[PDB]
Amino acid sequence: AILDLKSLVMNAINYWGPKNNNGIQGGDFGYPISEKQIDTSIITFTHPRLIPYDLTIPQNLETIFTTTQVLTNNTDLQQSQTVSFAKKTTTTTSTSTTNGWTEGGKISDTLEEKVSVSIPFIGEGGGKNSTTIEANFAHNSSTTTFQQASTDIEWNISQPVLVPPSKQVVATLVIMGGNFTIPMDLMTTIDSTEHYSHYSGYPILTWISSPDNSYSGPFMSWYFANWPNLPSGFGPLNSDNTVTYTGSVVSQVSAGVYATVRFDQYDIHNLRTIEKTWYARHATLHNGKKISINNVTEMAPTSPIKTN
């Protein structure tokens, strides 16, 4: 859920109050306190670290783009022609918080960063492969509301094709992509714009004002970290006197994963019939790398004998 830090601070203050006065020397804060004696706006959250869980179970892809180039040789000699595709697609991510935080119900500003994520995938023959994908992720620790982000990828596939005389070669670019749900831990460090240092530094999560408002006293992170019902997601006191909270996001990513080119040869005088179909030797991944076409089609690799 979205934890309110103002409430928890108020719960901690009201727990320590009658027992040690929150370490404040003197004063009549009238416990329990009302949310007017308090201003938690001085609390800072470190910009969150996003830790993707690395997907392990291979997924099925489907065709998200197909296009064609036509190469013709109506000459007397074998020609060397290059097939060149350049296609921009857009990887899309939408992200909701499962376990987030705010301070006094506030809604913070959506942030956006690049995250490397593991993408295990199933080639067309059912072959199993492993790659990584870099994408833009938007997140908001303060709502469950989905935050969208987008990333532009260009697929550049170029290679030479050997076209015989009076043949037509048709090159078909196919882009395979899928839909992945990546859960990520979301990591933040609770600090403050103000400290009660003096012997060593302690973030002040809130000054506690007297009911008449004349004087005040500081509420230090020490009392928050050692509060016996501090929730499960808060870490212990760091060397810093800061406290780490670890929340959660669930992200959904929709990305092209790999591209192949298929060649189909025809004789220019009957274009109804394929003479010869073959694949480019390499499929191209989202991240630009080249892998063997056997990893993603129904052909197994193959070798002759070696007679020593």
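Just count from 1 along the sequence shown to find any residue number.
- If you average the C-alpha B-factors over 54-62 and over 269-277, the higher value belongs to 269-277.
- Here the stretch with the larger average CA B-factor, out of 279-287 and 38-46, is 38-46.
- Of the candidates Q168, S96, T131, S158, it is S158 whose Cα B-factor is highest according to the PDB record.
- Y196 sits in the highest third of its chain by CA B factor, as recorded in the PDB entry.
- Sorting the modelled residues of the chain by their CA temperature factor places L8 in the lowest third.
- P211 sits in the highest third of its chain by CA B factor, as recorded in the PDB entry.
- The entry lists a Cα temperature factor for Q25 that places it in the highest third of the chain's modelled residues.
- Among the modelled residues of its chain, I119 has a C-alpha B-factor that falls in the middle third according to the deposited record.
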